[PDB]
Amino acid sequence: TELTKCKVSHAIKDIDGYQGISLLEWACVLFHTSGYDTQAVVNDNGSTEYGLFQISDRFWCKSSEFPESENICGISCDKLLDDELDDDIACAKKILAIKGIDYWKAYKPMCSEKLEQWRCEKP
């Protein structure tokens, strides 16, 4: 599903401030990462990235194309293609703790300034 910035912001609250990344920064990162499409699937040099957070099967989740993946998140990549964001968020937190925000290539170039526009005022 193609979510809105506010739908996304409300769903990822538990991630706010984790590893020092705010909700504004995440709204910005997710728009440029998947266009807020929970079913996004992108290939990238022999590997596939899934969902809202574009979590890769290279190390993070297990896919049928690449079954011996480290599957660090301990989850099937298909669980990242639905609208229940709790496990997508749990896996993102593992990426943040282990690898850091730079796993998301959109962060530095697109989310280093003009963060206010990303605020959701809708309760």
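Residue numbers run from 1 along the displayed sequence.
Enquirer: Mean C-alpha B factor from the entry: is it higher for 28 to 36 or for 57 to 65?
Expert: Averaged over C-alpha atoms, the B-factors run higher in 57 to 65.
Enquirer: If you average the Cα B factors in the entry, which is higher, 107 to 115 or 6 to 14?
Expert: Averaged over C-alpha atoms, the B-factors run higher in 6 to 14.
Enquirer: For residue 78, does the deposited CA B-factor place it in the lowest, middle or highest third of the chain?
Expert: Answer is middle: the recorded C-alpha B-factor places it there.
Enquirer: Consider only the C-alpha atoms of the modelled residues in this chain, order them by B-factor as the entry records it, and name the third containing residue 88: lowest, middle or highest.
Expert: Within its chain, residue 88 is a lowest-third residue by C-alpha B-factor, going by the deposited values.
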